[PDB]
Amino acid sequence: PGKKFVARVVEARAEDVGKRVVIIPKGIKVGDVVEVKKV
Amino acid sequence: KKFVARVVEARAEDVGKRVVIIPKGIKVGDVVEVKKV
């Protein structure tokens, strides 16, 4: 990896409850791709 | 564009909300920087 990954923004589902996620604020759409870096 | 956030445990109230799923190696409470590609 490298503390840095890419991921497609999705809509959370019932099966996601309890899973590690980051909440996506307004301005970034479902289907948009984001780069995520643990600092 | 770009934002800072902390990794959280998804809850029932998040169903239907915009999220990114966090892979293994990053824990709840970890600070991440997120930017749209």
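Reminder, nothing fancy here: chain letters follow the sequence lines and each chain counts from 1.
Atom CD1 of residue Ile28(A) and atom CZ of residue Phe3(B) lie 5.5 Å apart, to the nearest 0.5 angstrom.
Contact annotation: the side chain of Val34(A) never approaches that of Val37(B) to less than 4.5 Å [non-hydrogen atoms, C-beta and beyond].
For the set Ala12(B), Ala5(B), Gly16(B), the entry with the most heavy-atom pairs within less than 4.5 Å of chain A is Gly16(B). Ranked by heavy-atom pairs shorter than 4.5 Å toward chain A, the options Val20(B), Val15(B), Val4(B) are led by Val20(B).
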Which atom pairs, one donor and one acceptor, sit under 3.5 Å between chain A and chain B?
{"from": "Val10(A)", "atom 1": "N", "to": "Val19(B)", "atom 2": "O", "distance (Å)": "3.0"}
{"from": "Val10(A)", "atom 1": "O", "to": "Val19(B)", "atom 2": "N", "distance (Å)": "2.9"}
{"from": "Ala12(A)", "atom 1": "N", "to": "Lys17(B)", "atom 2": "O", "distance (Å)": "2.9"}
{"from": "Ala12(A)", "atom 1": "O", "to": "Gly16(B)", "atom 2": "N", "distance (Å)": "2.9"}
{"from": "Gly18(A)", "atom 1": "N", "to": "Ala10(B)", "atom 2": "O", "distance (Å)": "2.8"}
{"from": "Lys19(A)", "atom 1": "O", "to": "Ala10(B)", "atom 2": "N", "distance (Å)": "2.9"}
{"from": "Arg20(A)", "atom 1": "O", "to": "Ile22(B)", "atom 2": "N", "distance (Å)": "3.2"}
{"from": "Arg20(A)", "atom 1": "NE", "to": "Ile26(B)", "atom 2": "O", "distance (Å)": "3.4"}
{"from": "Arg20(A)", "atom 1": "NH2", "to": "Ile22(B)", "atom 2": "O", "distance (Å)": "3.1"}
{"from": "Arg20(A)", "atom 1": "NH2", "to": "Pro23(B)", "atom 2": "O", "distance (Å)": "3.2"}
{"from": "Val21(A)", "atom 1": "N", "to": "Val8(B)", "atom 2": "O", "distance (Å)": "2.8"}
{"from": "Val21(A)", "atom 1": "O", "to": "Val8(B)", "atom 2": "N", "distance (Å)": "2.9"}
{"from": "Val22(A)", "atom 1": "N", "to": "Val20(B)", "atom 2": "O", "distance (Å)": "3.2"}
{"from": "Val22(A)", "atom 1": "O", "to": "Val20(B)", "atom 2": "N", "distance (Å)": "3.2"}
{"from": "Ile24(A)", "atom 1": "N", "to": "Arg18(B)", "atom 2": "O", "distance (Å)": "3.0"}
{"from": "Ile24(A)", "atom 1": "O", "to": "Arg18(B)", "atom 2": "NH2", "distance (Å)": "3.0"}
{"from": "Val33(A)", "atom 1": "O", "to": "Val37(B)", "atom 2": "N", "distance (Å)": "2.9"}
{"from": "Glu35(A)", "atom 1": "N", "to": "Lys35(B)", "atom 2": "O", "distance (Å)": "2.8"}
{"from": "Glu35(A)", "atom 1": "O", "to": "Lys35(B)", "atom 2": "N", "distance (Å)": "2.9"}
{"from": "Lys37(A)", "atom 1": "N", "to": "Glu33(B)", "atom 2": "O", "distance (Å)": "2.9"}
{"from": "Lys37(A)", "atom 1": "O", "to": "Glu33(B)", "atom 2": "N", "distance (Å)": "2.8"}
{"from": "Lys37(A)", "atom 1": "NZ", "to": "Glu33(B)", "atom 2": "OE1", "distance (Å)": "3.3"}
{"from": "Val39(A)", "atom 1": "N", "to": "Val31(B)", "atom 2": "O", "distance (Å)": "3.2"}

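For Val8(B), the side chain to side chain contact (heavy atoms under 4.5 Å, CB included) partners at least two apart in sequence or on another chain are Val21(A), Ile23(A).
Within the 4.5 angstrom heavy-atom criterion, atoms from both the backbone and the side chain of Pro25(A) approach chain B.
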